[PDB]
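Trainee: Protein chains in written order, with PDB author numbering: chain B, 1 to 116, 125 to 184, 189 to 220; chain A, 2 to 117, 125 to 184, 188 to 220; chain D, 1 to 116, 125 to 184, 189 to 220; chain C, 2 to 117, 125 to 184, 188 to 220. In this text, a Cβ means the ideal position worked out from N, Cα and C, and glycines have one as well. Pasting a structure here, questions to come.
4 protein chains.
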Amino acid sequence: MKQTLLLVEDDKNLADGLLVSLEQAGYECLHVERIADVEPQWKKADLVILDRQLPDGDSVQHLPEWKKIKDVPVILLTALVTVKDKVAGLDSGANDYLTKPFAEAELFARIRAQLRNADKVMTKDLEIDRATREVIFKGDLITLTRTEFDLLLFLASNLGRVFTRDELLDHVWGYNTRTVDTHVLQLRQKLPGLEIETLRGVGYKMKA
Amino acid sequence: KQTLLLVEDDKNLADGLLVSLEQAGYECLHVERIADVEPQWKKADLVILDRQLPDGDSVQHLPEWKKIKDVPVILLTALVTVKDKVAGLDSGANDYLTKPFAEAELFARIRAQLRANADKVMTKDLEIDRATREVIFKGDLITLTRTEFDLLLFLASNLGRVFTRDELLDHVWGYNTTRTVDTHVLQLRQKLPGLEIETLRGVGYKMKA
Amino acid sequence: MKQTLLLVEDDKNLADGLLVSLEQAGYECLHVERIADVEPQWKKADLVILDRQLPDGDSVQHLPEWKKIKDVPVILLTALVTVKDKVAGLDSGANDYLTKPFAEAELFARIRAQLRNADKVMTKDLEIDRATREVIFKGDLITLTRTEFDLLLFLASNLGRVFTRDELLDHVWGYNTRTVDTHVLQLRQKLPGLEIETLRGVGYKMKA
Amino acid sequence: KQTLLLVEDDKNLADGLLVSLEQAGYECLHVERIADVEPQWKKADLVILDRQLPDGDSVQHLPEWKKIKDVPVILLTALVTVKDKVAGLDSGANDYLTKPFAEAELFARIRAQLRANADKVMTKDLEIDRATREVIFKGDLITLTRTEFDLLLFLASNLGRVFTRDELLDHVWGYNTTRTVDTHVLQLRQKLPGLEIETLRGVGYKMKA
DNA sequence: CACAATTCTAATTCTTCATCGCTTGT
DNA sequence: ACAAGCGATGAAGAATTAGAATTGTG
């Protein structure tokens with residue numbers, strides 16, 4: 001019961017308030033205010049909420065080439081009026097729509113219904137299927153726990169990315189110190205040929 | 002090719018919208034009552050429902066239909082109340098419309114939900137039949153309750169797909188009680204011997220084969 | 001030990017969805033749109049939410065006589081952001097203020113903060137404290153269940169009120189048929205001398 | 002008679018605000034560091050706290066301060082994001098205010114929080137010492153783990169009252188996982204035989220005394 | 001009265017935390 | 001070599017599935 005999430009919005013306290021309810025909801029969040037920054041986080045993202053009027057042009061015009069990267073449930077949430085925009089937003093690749101002042105439970109409903125190969129995460133000699141929660145290393149499946157599988161998968165999708173151990177507490181356990193090492197050592201000592209290059213202070217990324 | 006379906010008792014606008022939809026390329030199906038929905042649900046690849054039909058409300062019968070063919074169910078009604086948009090979409094509904102609608106708004110929500125036998129299952133061990141609502145494990149006709157008959161069917165459709173106990177009370181029961192499922196499988200190990208249901212610590216339950 | 005709630009807002013959509021994620025939350029709600037309609041819904045409540053934009057005048061000018069009845073946590077929220085209005089809203093009896101745009105979680109945080125003699129609701133030969141959930145009837149103490157005690161004190165606060173059998177179901181059972193009859197019998201058969209006057213195939217009511 | 006307190010390292014702004022309260026008449030205290038924030042917590046009927054402090058954060062140590070006296074508190078900080086606002090309010094706060102503010106705004110929020125031996129307790133058969141974390145239950149000396157002492161602590165504080173297991177996790181354990192309390196009382200019947208703990212099937216637990 | 005959800009309850013599978021010692025660069 | 005930091009060690013305290021009569025109920 002855990003997936004990923006993305007956000008795009010320039011509004012300040014409304015993009016802030018929404019991302020509090022979702023981190024209280026249990027879906028990890030990425031927040032962006034520049035189309036120049038949406039290319040990095042797209043592959044990481046399984047879902048996208050968007051706004052229409054923004055810097056670097058109208059976002060819907062920059063949309064379809066990101067759809068071309070991944071078939072991702074994309075919802076344009078924005079203040080605008082015409083049904084012409086509804087056709088403008090949904091003739092292209094898109095899978096719903098909303099509008100202006102709204103209630104936050106409305107958005108939570110339209111995205112909950114959309115939640116219900126691409127399901128794999130392949131890196132180097134490793135197949136991770138979360139529909140079964142099984143890992144394979146050179147044709148060998150080793151069973152892990154819900155927390156061991158969590159940290160490994162977050163770094164099975166994030167390649168070459170380093171985050172801090174305090175950040176790993178709030179990214180593997182969800183919203184609310190030395191376990192990070194004694195269990196990544198549970199991983200090294202139980203997965204022969206583990207390719208996690210330890211670092212100093214700041215610590216963990218996956219080369220490939 | 003492409004097929005669809007619709008359910009509407011109001012005559013003038015329904016007849017006219019399927020005309021423009023028959024003018025459109027799609028081949029069209031239509032009924033006026035809920036007893037006629039289950040006949041052609043299968044051959045249809047997309048449906049259009051309403052909340053105010055003659056023979057009752059369409060949501061109470063919905064989730065059984067998505068478990069014969071999971072096709073995009075687009076609700077359409079005069080109920081602009083947001084609590085319907087909640088009960089609808091948190092039942093097996095994808096999207097809504099407004100009671101009057103722009104025609105190109107409707108189609109745009111048809112393509113957007115199109116671009117992105126069925127009664128018999130074949131578990132290597134045994135056989136399940138949803139018509140007679142029974143089970144045959146190596147010849148034995150096991151006696152189950154509806155609760156324990158229903159949780160096995162949603163799992164036999166997605167075997168090997170482990171899911172948490174919180175995402176099953178929203179899938180066997182109605183969406184939106189208590190903490191129970193641990194005892195509902197314990198009875199199925201008690202009466203179906205050697206049934207491959209692996210239990211994971213802190214994760215969930217799943218069927219391997 | 002769940003409790004009550006109340007709402008005063010003429011704006012319909014933002015009062016529509018606001019009560020959704022509260023019914024999703026687990027507190028029953030009351031929906032008002034006139035100050036002449038605010039008077040009757042007060043005593044039954046531990047909490048009160050209020051708007052300053054109302055038909056039939058300024059809501060703060062009808063405020064202290066509601067404080068007289070019960071000292072209730074009554075937040076305010078409006079398009080009036082002036083600290084002068086904050087002094088107006090808070091010199092008089094209240095506990096908080098807010099702003100038109102928010103996270104729905106801000107209210108949720110600012111209502112969980114207020115929850116923590126008046127615990128009782130007392131009727132004919134009946135003493136019901138919700139903090140212990142024992143019934144005292146003519147002096148006798150008698151056991152109940154989770155739902156038995158919940159519907160008994162439901163009709164204990166509501167004097168002479170009548171809800172339909174379907175209305176009693178969604179109220180005492182989780183959101184989103190014959191038991192209402194058989195359980196009110198497990199109420200009569202438990203305690204004799206209970207003024208549940210059955211009506212015409214319709215509803216039920218506790219008179220006094 | 003009416004007392005209150007303040008916590009801030011900022012020098013002149015704190016000086017001008019406590020003088021206004023002394024101009025307001027409310028007898029007040031002030032501490033500049035967390036080193037002495039704990040001593041004078043008892044004498045105050047209200048506390049104004051700032052998280053921006055040189056010797057660390059304040060919310061990370063908030064709940065044990067309220068756990069000694071349930072007096073309302075207010076947070077004042079340069080962190081005006083809603084994620085900081087809800088985090089403080091959910092971790093035991095009682096109100097909130099922005100960083101740059103007017104005076105009567107504070108005052109009106111001082112009265113609004115005013116108009117509506126705390127270390128040892130003695131109950132039947134239990135004579136509890138919270139400082140040394142020891143209990144003498146029926147003549148014997150009992151010593152168990154920490155969480156099993158904070159659990160019999162908030163119950164020993166609000167005893168005779170029931171609380172659902174959901175309302176204990178955010179009240180005894182760290183908020184800002189269900190099969191636990193069902194087992195945490197079990198060993199309380201193993202180590203404290205004869206404890207006066209009734210249970211409510213479907214509801215929470217309580218101490219009968 | 002049948003059916004179902006509760007509390008035990010009993011025996012494990014996992015986090016977290018000190019301690020030595022060990023891996024990086026300073 | 002020194003000086004922070006990072007393997008490892010292996011526990012002990014949390015969770016985590018399994019039975020039995022009880023309780024509640026649509």
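Can you give me the C-alpha to C-alpha distance between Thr-189 of chain D and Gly-215 of chain D, rounded to a whole angstrom?
Mentor: Computed Cα separation, rounded: 13 Å.
Trainee: What is the DSSP secondary structure of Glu-106 of chain D, counted as helix, strand or coil?
Mentor: The answer is helix: DSSP assigns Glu-106 of chain D an H, G or I state.
Trainee: Quick one, which of C:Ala-88, C:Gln-24 and C:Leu-63 has its alpha-carbon nearest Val-8 of chain C's?
Mentor: It is C:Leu-63 whose Cα lies nearest to the Cα of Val-8 of chain C.
Trainee: To the nearest angstrom, report how far apart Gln-3 of chain D and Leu-159 of chain B are at their CA atoms.
Mentor: Cα-Cα distance, rounded: 40 Å.
Trainee: Of the residues that make up the segment 15 to 27 of chain D, which ones have a beta carbon closer than 7 Å to any beta carbon in chain A?
Mentor: Going along the segment 15 to 27 of chain D in chain order, one finds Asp-16, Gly-17 and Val-20 with a Cβ nearer than 7 Å to chain A.
Trainee: Please name the residues in the segment 94 to 110 of chain D whose beta-carbon is closer than 8 Å to at least one beta-carbon of chain B, in chain order.
Mentor: Answer in chain order: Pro-101, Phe-102, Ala-103, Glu-104, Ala-105 and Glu-106.
Trainee: According to DSSP, is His-179 of chain C part of a helix, a strand, or is it coil?
Mentor: Coil.
Trainee: Looking at the structure shown, is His-31 of chain A part of a helix, part of a strand, or coil, going by DSSP?
Mentor: Three-state result, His-31 of chain A: strand.
Trainee: As a quick exercise: from A:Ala-117, A:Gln-114 and A:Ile-144, pick the residue whose alpha carbon is nearest that of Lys-132 of chain A.
Mentor: The residue with the shortest Cα to Cα distance from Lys-132 of chain A is A:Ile-144.
Trainee: Keeping to the same chain, check which residues put their C-beta closer than 6 Å to that of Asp-96 of chain B; ignore five residues upstream and five downstream.
Mentor: Excluding residues within five positions, the ones whose Cβ falls inside 6 Å are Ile-75 and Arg-110.
Trainee: Please report whether the beta-carbon of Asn-184 of chain D lies at a distance below 8 Å from any beta-carbon of chain B.
Mentor: It does not: the Cβ of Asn-184 of chain D has no partner Cβ on chain B nearer than 8 Å.
Trainee: Under 8 Å by Cβ, that's how I've got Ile-208 of chain B and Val-192 of chain B pegged, so tell me the actual separation to the nearest angstrom.
Mentor: Not quite, the Cβ-Cβ distance comes to about 12 Å (not below 8 Å), so this is no contact.
Trainee: Pull up the distance between the alpha-carbon of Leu-14 of chain D and that of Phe-102 of chain B, whole angstroms please.
Mentor: Between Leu-14 of chain D and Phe-102 of chain B, the C-alpha separation is close to 7 Å.
Trainee: Counting contacts by CB-CB distance shorter than 8 Å, is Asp-85 of chain A in contact with chain D?
Mentor: No - not a single Cβ of chain D is within 8 Å of the one on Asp-85 of chain A.
Trainee: Are the Cβ atoms of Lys-67 of chain A and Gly-26 of chain A separated by less than 8 Å?
Mentor: In this structure, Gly-26 of chain A does not lie closer than 8 Å to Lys-67 of chain A by Cβ.
Trainee: Return no unless some Cβ of chain D is closer than 8 Å to the Cβ of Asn-125 of chain B.
Mentor: Chain D contact via Cβ: absent.
Trainee: If I measure Cβ to Cβ from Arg-169 of chain C and keep anything under 8 Å in the same chain, skipping five residues before and after, which residues do I get?
Mentor: Hits under 8 Å: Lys-217.
Trainee: Please return the same chain residues whose Cβ sits closer than 6 Å to the Cβ of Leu-176 of chain D, not counting the five positions on each side in sequence.
Mentor: Contacts found: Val-192.
Trainee: Quick one: using the 10 Å Cβ neighbour count with 16 as the cut-off for buried, is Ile-136 of chain A buried or exposed?
Mentor: Looking at its Cβ environment, which holds 16 or more other Cβ atoms inside 10 Å, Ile-136 of chain A is buried.
Trainee: Against chain C, with Cβ distances strictly below 8 Å, would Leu-90 of chain D count as a contact?
Mentor: With 8 Å as the cut-off, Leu-90 of chain D counts as an interface residue toward chain C.
Trainee: Sort B:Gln-198, B:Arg-200 and B:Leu-161 by Cα distance to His-179 of chain B and report the nearest one.
Mentor: Minimum Cα distance to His-179 of chain B is reached at B:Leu-161.
Trainee: What's the gap between the Cα of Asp-46 of chain D and the Cα of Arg-116 of chain D?
Mentor: Roughly 11 Å between the two C-alpha positions.
Trainee: Using a C-beta cutoff of 8 Å, does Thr-189 of chain C count as contacting chain D?
Mentor: It does not: the Cβ of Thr-189 of chain C has no partner Cβ on chain D nearer than 8 Å.
Trainee: If you run the structure through DSSP and keep just helix, strand and coil, what is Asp-16 of chain C?
Mentor: Here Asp-16 of chain C sits in helix by DSSP.
Trainee: May I ask you to report which of helix, strand or coil DSSP gives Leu-163 of chain A?
Mentor: Of the three classes helix, strand and coil, the one that applies to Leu-163 of chain A here is helix, per DSSP.
Trainee: Taking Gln-61 of chain C as the reference, give the member of C:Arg-34, C:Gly-182 and C:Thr-153 with the closest Cα.
Mentor: Of C:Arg-34, C:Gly-182 and C:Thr-153, the residue nearest in Cα terms is C:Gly-182.
Trainee: Can you list the residues of chain C that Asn-13 of chain B reaches, using a CB-CB cut of under 7 Å?
Mentor: Chain C residues near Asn-13 of chain B: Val-83.
Trainee: Contact criterion: CB-CB distance below 8 Å. Does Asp-71 of chain B meet it with respect to chain A?
Mentor: Yes - at least one Cβ of chain A is within 8 Å of the one on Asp-71 of chain B.
Trainee: Does the Cβ of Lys-128 of chain C have 16 or more other Cβ atoms within 10 Å, making it buried, or fewer, making it exposed?
Mentor: Its Cβ having fewer than 16 others within 10 Å, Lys-128 of chain C is exposed.
Trainee: Taking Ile-69 of chain D as part of the alpha helix (DSSP H), name the residues at either end of that continuous run.
Mentor: Looking at the DSSP string, the run of the alpha helix (DSSP H) that includes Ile-69 of chain D is 64 to 69.
Trainee: For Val-74 of chain B, does the three-state DSSP call read helix, strand or coil?
Mentor: Looking at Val-74 of chain B - three-state DSSP - the assignment turns out to be strand.
Trainee: Distance check for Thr-151 of chain B and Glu-39 of chain C, CA to CA, integer angstroms please.
Mentor: Roughly 48 Å between the two C-alpha positions.
Trainee: Taking the alpha-carbon positions, what's the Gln-53 of chain D to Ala-79 of chain D distance?
Mentor: Spanning the two alpha carbons is a distance of roughly 8 Å.
Trainee: Would you identify the three-state DSSP class for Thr-210 of chain B, choosing helix, strand or coil?
Mentor: In this structure, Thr-210 of chain B counts as strand in the three-state DSSP scheme.
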